[PDB]
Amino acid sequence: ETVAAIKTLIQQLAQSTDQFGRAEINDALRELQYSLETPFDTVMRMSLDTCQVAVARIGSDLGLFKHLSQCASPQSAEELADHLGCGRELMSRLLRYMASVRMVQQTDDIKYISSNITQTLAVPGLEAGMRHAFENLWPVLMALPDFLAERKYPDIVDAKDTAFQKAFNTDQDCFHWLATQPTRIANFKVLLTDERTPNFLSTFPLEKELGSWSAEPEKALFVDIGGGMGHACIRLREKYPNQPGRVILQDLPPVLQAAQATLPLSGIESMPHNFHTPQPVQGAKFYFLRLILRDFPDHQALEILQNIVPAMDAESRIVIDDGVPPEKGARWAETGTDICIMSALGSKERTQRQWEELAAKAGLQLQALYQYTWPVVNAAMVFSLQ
């Protein structure tokens, strides 16, 4: 059949390229889908695609993805239902739906095996992002249209006056509201254990950027500001095991104690630091900010940069590792993020020119930009004092 032939050739093209080529193919397949659906199909697609997150959250509550990924033969719906404690008819209907969207696979004797998506949802860090989206993002998006209608469609600029405050009936911003929320801290801390791949070290020419700087007598090579579990520090020490200089993970105390389990015995310091205060480490080569500034409106993002600038020597650099969407033709993964951080945080995705304008207000100029993902661009941008 022509359908089998299409799948075979796209599969073969996909395996004949790298992860960025496969991402480009997937965006093309998505664009083809939208161009080819009928009007009624469009409305059905938009209506039913919301089911995926709800049904993933149920499968996660039942432990279904973890169980199915460990099974060694196809499982019947009754076997899964009786094992996980689910009603037989309910489980059979959830599995039929999951099979239709490849969350599981259905065999021709109507049994079930894991798919690539089953394996994904069984990973704690990824499972946690799905649960984050259901419990924290969905309420904000559900509130955005009426929030904007009430306020007469304002440009959102303040983290304490956006859809989040209407959706959760609070007056705090996300950061502070979450502390008051037991169940959501546990999922968030699990979320921080996910490590995105690839990372900036795949294209960052660290030796070229070192240049005229010296680690002697005891200077810091790398200060990871808000570095979470410290994945950037770990990958840096791993890739450049012979480069001298302190490598310092900076974050809040509760996150730093969680990171102790995973950090190496030696080579990475843990330093409690609130990045809304002056940077304590002086003259470091790289002050590193990964997925930090995108969570803040320009006013607060600027204050974070101004808190680092007085610690910089002439050879110091601020490295912002973040999304850099293009000026036109932006893709859904970076425009969707923009709407979400608008609605929850009052912040925004920034083009290269918007990053430069923000950094110029802190006294900085862009020296170099090292993309490491495509077609949705994440880049390490290297800034020095003007």
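Counting begins at 1, following the sequence as shown. Take the two forms, find the largest set of C-alpha atoms that superpose within 1.5 Å, and that set is the rigid core.
Root-mean-square C-alpha deviation from the shown form, taken over all structures in 5 other deposited structures of this protein superposed by the rigid core, is larger for 208-216 than for the alternative among 208-216 and 79-87. Greater C-alpha displacement in 5 other deposited structures of this protein (rigid core superposition, RMS over structures and residues), of 173-181 versus 96-104: 173-181. Relative to one another, 268-276 and 172-180 have unequal mean CA B-factors, and 172-180 is the one with the higher figure.
The stretch with the higher mean CA B factor, choosing between 285-293 and 101-109, is 101-109.
The entry lists C-alpha B-factors for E78, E238, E209, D224, and the highest of these is at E78. Residue set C71, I117, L95, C233: peak C-alpha B-factor at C71 (per PDB entry). Ranked by C-alpha B-factor against the other modelled residues of its chain, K166 falls in the highest third. Per the PDB record, residue ranking by Cα B-factor puts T193 in the highest third of the chain. Sorting the modelled residues of the chain by their CA temperature factor places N307 in the middle third. The deposited CA B-factor of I341 belongs to the lowest third of values across its chain. For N378, the recorded CA B-factor ranks within the lowest third of the chain. Only modelled residues enter the ranking.
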